[PDB]
Amino acid sequence: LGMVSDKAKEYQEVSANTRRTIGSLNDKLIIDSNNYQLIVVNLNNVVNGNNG
Amino acid sequence: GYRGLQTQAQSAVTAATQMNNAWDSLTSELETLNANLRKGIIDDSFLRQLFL
Amino acid sequence: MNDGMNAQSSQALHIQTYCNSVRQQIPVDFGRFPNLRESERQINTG
Amino acid sequence: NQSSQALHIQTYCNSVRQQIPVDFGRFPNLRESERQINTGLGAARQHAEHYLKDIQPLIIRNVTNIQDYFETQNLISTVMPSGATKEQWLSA
Numbered sequence: 011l012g013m014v015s016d017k018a019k020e021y022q023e024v025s026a027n028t029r030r031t032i033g034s035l036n037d038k039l040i041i042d043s044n045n046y047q048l049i050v051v052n053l054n055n056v057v058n059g060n061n062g
Numbered sequence: 004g005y006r007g008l009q010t011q012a013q014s015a016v017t018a019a020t021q022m023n024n025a026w027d028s029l030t031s032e033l034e035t036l037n038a039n040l041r042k043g044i045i046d047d048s049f050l051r052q053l054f055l
Numbered sequence: 060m061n062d063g064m065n066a067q068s069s070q071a072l073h074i075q076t077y078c079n080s081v082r083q084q085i086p087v088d089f090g091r092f093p094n095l096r097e098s099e100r101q102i103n104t105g
Numbered sequence: 007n008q009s010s011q012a013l014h015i016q017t018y019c020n021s022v023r024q025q026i027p028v029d030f031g032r033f034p035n036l037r038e039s040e041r042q043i044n045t046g047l048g049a050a051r052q053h054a055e056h057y058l059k060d061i062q063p064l065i066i067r068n069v070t071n072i073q074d075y076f077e078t079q080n081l082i083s084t085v086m087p088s089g090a091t092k093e094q095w096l097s098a
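Protein chains in written order, with the numbering used here: chain A, 11 to 62; chain B, 4 to 55; chain C, 60 to 105; chain D, 7 to 98.
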């Protein structure tokens, strides 16, 4: 049981590690999407002025 | 093109958030098993079988 | 117990969505406007 | 594809909760509109919280108790069942 408990603890720690990795991925994607949107708005403004 | 990329990222964000919740659940489930285990080692007779 | 746990679970996803959405909120630059220097920084900070 | 009655209301409930209050402060003609909208939204929120926190749960409870009751009393013994007094059957 103690052996199983120890193994589960290690597995739990591993699970937390994977979560952190996911968190970083999330932040990276979020930043990408945001920058993309910023470019789109910047572009939209250019064509919306240029058409006056 | 950027607009299409922004959508792709927005969807990936949802996909990632989902993966984060999945790992978080697994981590919690492990913690519960660990707690269930630990209380059964420092239990002698019936309360041990209950936690087990 | 089931009623409270479920309501919290839909509530949480609604906030989780709103959270990631706000993260995507891009910062604006009044760089062309000299008088809105303070405005831009204040906005960025907020 | 169709939802259960309760889920349809449960969705509408959480949706109304997300209804943000608006300020048409810049628009002078929409002053009454904004206040009226805000008030109505507030009231709807009250209706939802009650429905969600109390109503649907209470309904579930009553139904569950009914379900358990009919489960025990599944079929009426029209005839005097095997090895019982008439009084015993009448009491039951």
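We put the beta carbon where it would ideally sit given N, CA and C, even for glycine.
Item	Value
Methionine 86 of chain D, DSSP secondary structure in three states	coil
Contact set between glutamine 13 of chain B and chain A, taken where Cβ atoms lie within less than 8 Å	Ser43
Any chain D beta carbon closer than 8 Å to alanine 66 of chain C	yes
Contact check, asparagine 37 of chain B vs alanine 26 of chain A, beta carbons under 8 Å	no
Beta-carbon neighbours of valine 57 of chain A, restricted to chain C and to distances below 8 Å	Result: empty, since nearest Cβ-Cβ is about 17 Å, beyond 8 Å.
Three-state secondary structure (DSSP) of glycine 105 of chain C	coil
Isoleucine 45 of chain B at chain A interface by Cβ criterion, 8 Å	no
Chain-ordered chain A contacts of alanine 19 of chain B [CB-CB under 7 Å]	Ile32, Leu35, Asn36, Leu39
Residue-level contact to chain A via CB, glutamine 83 of chain C, 8 Å cutoff	yes
is_contact[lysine 19 of chain A, chain B] using C-beta, thresh 8 Å	yes
Which of helix, strand or coil DSSP assigns to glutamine 73 of chain D	helix
CB contact below 8 Å: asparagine 103 of chain C versus chain A	no
Beta-carbon proximity check, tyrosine 57 of chain D vs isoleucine 15 of chain D, cutoff 8 Å	yes
Helix, strand or coil at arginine 91 of chain C [DSSP, three-state]	coil
For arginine 82 of chain C, the nearest candidate out of B:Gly7, B:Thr20, B:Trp26, B:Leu53 (CA to CA)	B:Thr20
First and last residue of the uninterrupted alpha helix (DSSP H) at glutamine 25 of chain D	Premise fails: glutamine 25 of chain D is in no alpha helix (DSSP H) and is neither H nor E.
Buried versus exposed call for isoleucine 82 of chain D [16 or more other C-beta atoms within 10 Å across all chains shown]	exposed
CB contact check: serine 69 of chain C to chain D, cutoff 8 Å	yes
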